[PDB]
Amino acid sequence: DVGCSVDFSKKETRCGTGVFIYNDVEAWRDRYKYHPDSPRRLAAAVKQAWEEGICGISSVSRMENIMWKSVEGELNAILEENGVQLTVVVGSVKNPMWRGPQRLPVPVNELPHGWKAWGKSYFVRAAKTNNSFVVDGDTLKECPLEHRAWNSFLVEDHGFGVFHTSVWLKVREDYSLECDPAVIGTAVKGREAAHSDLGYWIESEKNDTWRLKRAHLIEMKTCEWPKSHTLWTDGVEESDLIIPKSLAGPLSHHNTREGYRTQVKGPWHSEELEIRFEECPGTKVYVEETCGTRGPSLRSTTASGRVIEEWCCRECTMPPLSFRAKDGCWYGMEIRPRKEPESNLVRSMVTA
Amino acid sequence: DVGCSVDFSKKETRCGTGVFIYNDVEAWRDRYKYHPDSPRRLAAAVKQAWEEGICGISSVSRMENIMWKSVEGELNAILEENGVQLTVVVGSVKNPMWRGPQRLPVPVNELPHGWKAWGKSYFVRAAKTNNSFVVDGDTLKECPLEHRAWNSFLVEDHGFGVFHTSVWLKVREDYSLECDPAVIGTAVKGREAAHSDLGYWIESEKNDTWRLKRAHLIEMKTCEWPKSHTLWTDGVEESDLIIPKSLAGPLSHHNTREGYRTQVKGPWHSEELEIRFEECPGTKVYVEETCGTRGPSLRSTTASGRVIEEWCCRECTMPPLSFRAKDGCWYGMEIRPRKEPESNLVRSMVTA
Amino acid sequence: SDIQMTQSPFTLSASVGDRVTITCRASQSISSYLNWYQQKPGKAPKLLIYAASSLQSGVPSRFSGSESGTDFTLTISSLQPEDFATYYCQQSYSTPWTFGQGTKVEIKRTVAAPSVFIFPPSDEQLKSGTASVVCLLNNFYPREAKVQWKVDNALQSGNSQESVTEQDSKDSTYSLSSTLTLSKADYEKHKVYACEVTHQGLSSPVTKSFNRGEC
Amino acid sequence: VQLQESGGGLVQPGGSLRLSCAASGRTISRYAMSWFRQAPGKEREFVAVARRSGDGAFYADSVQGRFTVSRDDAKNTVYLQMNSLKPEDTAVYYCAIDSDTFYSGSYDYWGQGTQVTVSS
Amino acid sequence: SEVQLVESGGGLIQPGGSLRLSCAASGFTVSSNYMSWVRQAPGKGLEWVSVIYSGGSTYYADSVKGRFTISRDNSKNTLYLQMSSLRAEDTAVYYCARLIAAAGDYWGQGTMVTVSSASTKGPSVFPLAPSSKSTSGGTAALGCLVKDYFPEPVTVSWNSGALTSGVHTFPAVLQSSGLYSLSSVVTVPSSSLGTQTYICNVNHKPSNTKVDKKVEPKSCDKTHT
Amino acid sequence: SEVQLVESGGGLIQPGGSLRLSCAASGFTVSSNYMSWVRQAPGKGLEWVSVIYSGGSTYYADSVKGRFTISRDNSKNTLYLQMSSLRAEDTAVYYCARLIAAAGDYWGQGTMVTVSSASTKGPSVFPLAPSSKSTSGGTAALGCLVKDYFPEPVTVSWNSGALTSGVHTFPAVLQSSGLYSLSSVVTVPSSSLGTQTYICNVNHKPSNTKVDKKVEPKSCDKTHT
Ligand SMILES: *[C@@H]1O[C@H](CO)[C@@H](O)[C@H](O)[C@H]1NC(C)=O
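A chain's residues are numbered here from 1, following its sequence as written, a convention that may not match the entry; residues for which no coordinates exist are omitted. Each chain takes a letter, starting from A, and each ligand takes a number, starting from 1, following the order in which they are written. Reported values pertain to the displayed chains only, which are themselves part of a larger assembly. Each side-chain value is worked out from all heavy atoms of the structure, with water and hydrogens disregarded.

cryo-EM is the method the PDB entry lists for this structure, together with a resolution of 3.8 Å.

This brings us to the side chain of A:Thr351. The secondary structure listing takes helices from DSSP runs of H or I that are at least 4 residues long and strands from runs of E that are at least 2 residues long, numbered from the N terminus. Mapped onto the elements, A:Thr351 comes out in the segment after β19 (328–331). Here the term buried applies to any residue with accessible area under 20% of the maximum for its type, exposed to any over 50%, and partly exposed to those in between, with areas from a 1.4 Å probe on protein chains only. For A:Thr351, a relative accessible area of 15% puts it in the buried group.

Time to look at unusual backbone geometry. All names here are of chain A. In this structure, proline 96 follows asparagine 95 across a cis peptide bond, with omega equal to -5 degrees. Structurally, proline 96 is set in the loop between β6 (87–88) and β7 (132–135). Positive phi, normally seen in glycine, also occurs at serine 38, with a value near 55 degrees. On the secondary structure map, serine 38 appears in the loop between β4 (35–36) and α1 (39–51).

The next point concerns the interface of chain A and chain B. Contacts between chain A and chain B engage 46 residues on the former and 43 residues on the latter. In this description, buried area is defined as the sum, over both parts, of the accessible area (probe of 1.4 Å) that is lost when the two are combined. Carbon and sulfur atoms supply 53% of the area that chain A and chain B bury against each other, a total of about 4,100 Å² over both sides. In what follows, salt bridge is the name for a side-chain nitrogen of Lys or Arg lying within 4 Å of a carboxyl oxygen of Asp or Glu. At the boundary of chain A with chain B, the tally comes to 4 salt bridges. Across the salt bridge formed by B:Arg14 and A:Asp24, the nearest N and O atoms sit 2.4 Å from each other. Counting of polar contacts relies on pairs of N or O atoms within 3.5 Å, with two restrictions inside protein: one atom must be capable of donating a hydrogen and the other of accepting it, and residues adjacent in sequence are counted only when both atoms are side-chain atoms. At the junction of chain A and chain B, the tally comes to 26 residue pairs in polar contact. Elements that contribute at least two residues to the side of chain A that touches chain B include exactly β1 (6–7), β2 (12–13), β3 (20–22) and β11 (185–189) of chain A. When residues of the side of chain A that touches chain B are assigned to their parent elements, the largest contribution, 5 residues, is made by β11(A). All amino acids are sorted into three groups, where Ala, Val, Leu, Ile, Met, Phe, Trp, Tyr, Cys and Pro are nonpolar, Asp, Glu, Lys and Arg are charged, and the leftover types, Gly among them, are polar. Along the lines of polarity and charge, the residues of the side of chain A that touches chain B split into 17 nonpolar, 17 polar and 12 charged. Strands are labelled as partners when DSSP assigns at least two bridges between them. When β11(A) meets strand β8 (residues 185–189) of chain B, the two strands line up antiparallel, connected through 5 bridges. Within β8(B), the residue paired with A:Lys189 across the bridge is B:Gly185. Note on definitions: a residue-residue contact is assigned when non-hydrogen atoms from the two residues lie within 4.5 Å.

Only the six-membered ring of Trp is used, alongside the rings of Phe and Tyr, when aromatic pairs are assigned; centres must lie within 6.5 Å, and planes under 30 degrees apart are stacked while those over 60 apart are edge-to-face, with the rest tilted. Per the counting criterion, the structure on display carries 35 aromatic pairs over all chains. Taken together, the ring pairs connect A:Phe20, A:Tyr22, B:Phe20 and B:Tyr22 into an aromatic cluster. Here the guanidinium or amino end of C:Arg62 rests over the ring plane of C:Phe63, the centre of that ring lying 5.6 Å away. A positively charged side chain is recorded as over a ring if its NZ (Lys) or CZ (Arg) lies within 6 Å of the ring centre. The angle to the ring normal must also be within 35 degrees. The ring of F:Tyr198 is capped by F:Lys214, whose NZ or CZ atom sits 5.3 Å from the centre of that ring.

This part is about the sheet that holds strand β3 (residues 15–23) of chain D. Within a beta sheet, neighbouring strands are joined by backbone hydrogen bonds and run either parallel or antiparallel to one another. Residue and element names in this part refer to chain D. The 4 strands lie next to each other as β1-β3-β8-β7, forming an open sheet whose pairing is antiparallel. Two strands lie at the open edges of the sheet, namely β1 (3–6) and β7 (68–72), each paired on one side alone. Taking the axes of each pair of neighbouring strands and ignoring which way they run, one obtains an average angle of 15 degrees across the sheet. Pairing analysis gives 7 bridges linking β3 to strand β8 (residues 77–85), with the strands arranged antiparallel. By the bridge assignment for β8, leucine 17 is matched with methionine 82. To get an axis, a line is fitted to the C-alpha atoms, and for a helix only the part in contact is used. The angle between two axes follows their N-to-C directions and goes from 0 to 180 degrees.

Structure, rendered in structure tokens:
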């Protein structure tokens, strides 16, 4: 109900009751401890699904990877009691992440023998069985990508009295594609607004008209952004959207900036990504008529340590459209090197 | 941005960065000081309006009238010092409200005098004359409705909310019909969502594909609801919105209900009104086929003071729509008496 | 536009027990969101392969499909007499969702020259002040018929209208009819009404038995 | 530009022969080709047509199941593989080059022809 | 019960009007799945009109965006569609396609929608006889031509359907004037030209109009000129 | 600079095409004030197309539902509108209007948009004859007629402009065939019928066609009957 609400801008104390939006991306690791609903049923579901030819599962966000790594071998211990000749493995995430054509079913009955829910199962770690099951990772050679499910878990409830929130997740009963909304949120106040998610932070300001100010990214999802949690959903050109529609971008007039278009060849291969409208460290940008056309993004720093001190583009509004990542600094697609061929420059990975 | 919170029913608590809202409807108009620009400059404003032929001013909300009532006599003191025969008279507001076809001008010069208006050592006094610059009220005789300006101010700062409470207001420089977004707010989270302002509060629930849950109203504002501070602004029909666009109703699929249409002929004469989906005491509603038509809203209590029991309607869905205010209980337009279609009941006049 | 869906070739011929392959290509990598639709004339379409790799329960598993980067294929191990229908390529990745141009499978049978006829207008039509000279072709194969008119060097340019029939159950050939209309005033301005025909199986025009003003 | 046929000869019934044709001043890789024969005292008649590489080819009823056609764009030559000859085949044979599209059904140049005979 | 799908609401409307379309269903629930409309133009392939999510979202194709409206009544498990500003080019057959790209699809019988300002007419029947330098065949090249009739259908039979061998009819084509045309042939060896009776029967069900025409090996007439 | 509005970009296009039109501004800033497009049908009342708020909200009329789109530029103070899926009935005169009911309005000159499914050709001229049972008036009723010409403009003159008294030129009328037609008439006492020469000049600049047709009081010829 009540909140501290210390306004840094004018040092104001302010109290009442209403709705609260929190920035939780910066500290994702320690806020969660997931678990299925009665793993006795999850084991049966995974066993039944494998019989239909499904090979593995591709994660949708780092949260699911953390959950799978946490449960890890515990599944084999329970499976052993029923004599299941199957083994499950857990991999690792990579940027970006693709979809999964298939989906998981829901069992009609649970295991016939075995009444274990939770407990002593921490004291077992077995070896391979006659069959193998894989999840994420560098396992492109085991089974093709077209044999795995994707985005099949719902969020029944969020938040609990442990601080390792015992969020209950289970398989969806229906067929759907949109990103899970139970954790999404957004709000607007005065001359500021932001759309929030577990791994997304987008800020908008009103200087002149609604536009982009800053954004923080930890992962690239590929699920449709729910429209019913968006601001100003009127018709807008898909080109102008800075965040591509494919990368779970919001469908809002806020999500745009005049003079720039969709960025489908951005450095999505980077582990961590932040979008800021400031030039790369020590570099500079200009708007020029005779510059090159749209093309793959170029890193401002060469693999040999050489930096590029010239850039240009025609329709851009000066000076930056910059990306920030652990590996260095990049630029938007519209920007091109002024007097350097792309052959002698570190071309950004083209995942478009 | 930095604050704390405690969940309504859950035990979750924290103090982290984010964006927060609280209701400001039932606080009943906290005692703010309201610096309408420098009163020295504002004195030159009304001079041109009266000189050009503006006689009266209508109100847009129950906040401008309070500012006028706060400043009052000091305005007459300025003209008394400068020697101009004019004054102001203030009434009370009645609902519904009506818009005006005029707007105030912007002076380019300051009144030549030693400003003794604001910060002076008390001693503010004046007398009454016949040159009445009536604001608000039923005094149409001195100034007809079509000669009154409306919504000719603009917010500049909402700070000092702790101790000084001096929201800065200044006359706008350009013509427009939209409201002032500087105080408007709206947010959504998970299974709940609500739109709020200084005089409205609407709650929408995620029970099944969104539907109106409950709302609170204190003044029947008729300003133009902004589109840049609302969710899901496309894919709706104006015939379904519970609050018609003329009444500043938000344009959103959230702002609707299944089995009901607009309520342009509702009981908009009360002072404070709350929308609740529940049968009024004693009374009940039956969904039948042989009911009447979409007539003007009818009061739930006869003029003699006794309640009317039986009603009917076709497109309704339990619970029925209802309006509740101090005067009593009112039902929806689609809901008419069942057995007797007689008009021997208190009825609301045509509104549009 | 976002996604374009292309099918090639347009049509192919085979016989009973032969192996036939159909290909479908996209403009960019869109994963394996793709399905094929089979359509029988006079009946509602149907879905046979879903997710580009799996077949629904039903007719025995003589259908196959695969993917390699950006190309797709559908193959029949052995054709059966009930497999002659139309097939479609469709994708459901990003809006707007498109469809393929389709492909047809038909029984294979051996070239035949057309029969070139011209049936006239009559008095019942000549009274109205407008006449139509119709060039008729019949029992020809393959589908390569062309029609032209060279009345006293006056080459026509996109004025006539044409139509085509079905392969017929038994004869297994095609027929064609070309029509052009003009007023009576221009009907008698010329005395030669010959429709020129070019077919891949022939080399030159032909001569027949009917004419205007010389019956 | 010119077209020249070759491969004529004599053989007993049931024999097999190979013919060829070529031209100059044009590239055959961009065009299809057709084959025709002229029966004794008869006008030119259809034999076979071959289309662009991988598009397919068509054979006449009189030759279906007997002969075959292939292209050699590298040297600008087209072969016709001929088997199981019976004396009825005795006729002159020609090679032709197709226009831009199969929709044309017309040719710009014609070959000189060659003689093929068979008897028991 | 088992799944059943039935469209309705089709008919003949004037240009510029509006109409509603519905697609009822039984068994499964329309609220929790994805539904879309598919139309097939005359003699062309399929085409996708619109899609509605189970969550209430909708998206429209370029050809129809800003003209249609779709909603579903979940109380009785029914789906409704609305269209405005109709035109001739929109004539086609529409299906409420259960376009589920993973599990499967159930399709209904469809419904026919027509837009045209034309307005029931009888056919006309004419005989023919060629000879000189423009038409050939070497056999009995006789037939009855049916023209200027509207709307469909029309049944054509020869000698009350007493013969079938060597009898076939050309498919019809709609002239720009708004009327149909076709042809029929009863070709036979020339030996049976003057020793048999030929009659072509034309039936126009919409107006109960029936016409007959006797075909003979008629020759040219040397009328005074 | 002064306050003016200028239009540009009008022309001709076949049905189904698209075009871009601009509304430049001078002096004031288009961003601050409101804007709206207004079109005038030929010989009909004005119509309202769409409006754009200074805050960035737009509304479109039912006629252009889902076919138009308007955008504004801040760098050079210019306004743009896009049209898609044109049709013949859309032909009209377009111009942006400052529909502000507070201080006044500035309206641009405007430009025409034409939609035609057929096309350049010269006119024709023929003489006229009075008598029998349909026509009367008892005075010189001899003049020139022009028909089947396209496109505009054209002009009609008599005696190379030497004759001005009693000159009439009826407005051009568009037939269903997409061709223009007009008429020019003049009257004089019947006494001076055969004592003077009448000549009408017809000019069609788009086809560079000049046609002259001498007119005389022709009497009915007694040719063979
Ligand atoms: C706000 O927008 C104006 C108008 O484009 C621009 O000049 C200015 O730099 C922006 N920022 C601030 C802080 O005013």
